[PDB]
């Protein structure tokens, strides 16, 4: 129960709009249960934590590193209920990008091992 809701990684990034393709600052949090949740403002209390702006599930996701429109961009391709979506993110160095994509992949792998169990 508690290991599943551990926070694996959290931090700020920019998230690109889907239609108005601007970079928007968002605070994201990845948990062992595959939830990847974003906030306009970094949450300061539990109530704030419970009300994210963005919520994805990273089970079986794909992780793509790209250099356009900006270097150090990454794309997650994941399932949102029954629709496959892509979301685009940016951090300021390739090392930071690798930290995020590896953490997301580690969580996804964990969920897969749980299934296989």
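Residue numbers count along the first chain shown, from 1. We call the rigid core whatever largest set of C-alpha positions still superposes within 1.5 Å between the two forms.
Chemist: If you line up the core and then measure how far each C-alpha sits from this form in 4 other deposited structures of this protein, which stretch comes out higher, 53 to 61 or 76 to 84?
Modeler: When 53 to 61 and 76 to 84 are compared in 4 other deposited structures of this protein, 76 to 84 lies farther out.
Chemist: When the core is superposed, where do the C-alphas shift more in 4 other deposited structures of this protein: in 93 to 101 or in 15 to 23?
Modeler: Output: 15 to 23, the stretch lying farther off on average in 4 other deposited structures of this protein.
Chemist: Which is higher on average in the deposited entry, the C-alpha temperature factors of 104 to 112 or of 16 to 24?
Modeler: That would be 104 to 112.
Chemist: Can you tell me which stretch has the higher mean Cα B-factor, 39 to 47 or 67 to 75?
Modeler: The stretch with the larger average C-alpha B-factor is 39 to 47.
Chemist: If you compare 30, 53, 61, 85, which has the highest Cα B-factor in the entry?
Modeler: Answer for 30, 53, 61, 85: 61, with the highest C-alpha B-factor.
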